[PDB]
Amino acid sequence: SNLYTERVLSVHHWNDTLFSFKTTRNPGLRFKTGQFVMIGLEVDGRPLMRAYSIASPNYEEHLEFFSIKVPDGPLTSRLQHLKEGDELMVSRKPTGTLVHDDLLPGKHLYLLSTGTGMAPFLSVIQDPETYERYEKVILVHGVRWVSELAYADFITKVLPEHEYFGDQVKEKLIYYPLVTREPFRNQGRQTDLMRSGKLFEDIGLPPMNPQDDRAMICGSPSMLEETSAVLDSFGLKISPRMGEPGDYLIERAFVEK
């Protein structure tokens, strides 16, 4: 099989349905920030592979994945049990549309996500190129429960202290977690908050316009479609195809199987 077999380095469970893990990374595995790759486990004679956004920075020699834990999900029912040292199959060629090159120059980069959709954005917010290209980077992470706001500490406390671009992070990264079913400082769906302009008021930024604002949307199919429409409502135009820069990019965080 032409798959990499990486080794789990660490695992961290965020809550009952979310966990992340880091694995070794084959030097041959190159990827652009935002991309996903197939990862999985050998099950009953065949790799059980699923598309996974690489949540780690593309210049670090390890991979990190932010994962859902579906009770009876073929892969995650097993993946949730990953432990240090475990093998993880990883495909050789990443892919995906959430890449910097396909966003026209702009001033603000909105990373609109829900659930595990924040995964590729974890890579984005750790990518120096993100800060080279934007004045502001807004990571919106919409979840149902506060416990699902995975990486909170990393985003708000660790990343800003990053030895090399923590200053860029402090100056440019706005983290806007959103919770919809539990008391939280920022309540609601980002679609609604953007339509009302509340999201931008909350983060101290002007409403979006096609000239200044770019976005990457990664979330549930439903959110993806509606958020895309919201951005369209502001006059932004999605990149029509890879290699063809646009105002925003989208990728489903998952698909209903």
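One-based numbering along the sequence shown.
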Quiz prompt | Mean C-alpha B-factor comparison - 46-54 and 203-211, higher one | solution = 203-211
Self-check item: Residue range whose averaged C-alpha B-factor is higher in the record, 163-171 or 176-184
Solution: 163-171
Practice problem: Could you say whether, by C-alpha temperature factor, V230 belongs to the lowest, middle or highest third of its chain? | Solution: middle
Quiz item: Which third, lowest, middle or highest, does the CA B-factor of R241 fall in along this chain?
Solution: highest
Quiz item: Among the chain's modelled residues, which third holds the C-alpha B-factor of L41?
Solution: middle
Exercise. Divide the modelled residues of the chain into thirds by Cα B-factor and specify which third, lowest, middle or highest, holds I250.
Key: lowest
Practice problem: Classify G197 as lowest, middle or highest third according to the C-alpha B-factor given in the PDB entry, relative to its own chain. | Solution: highest
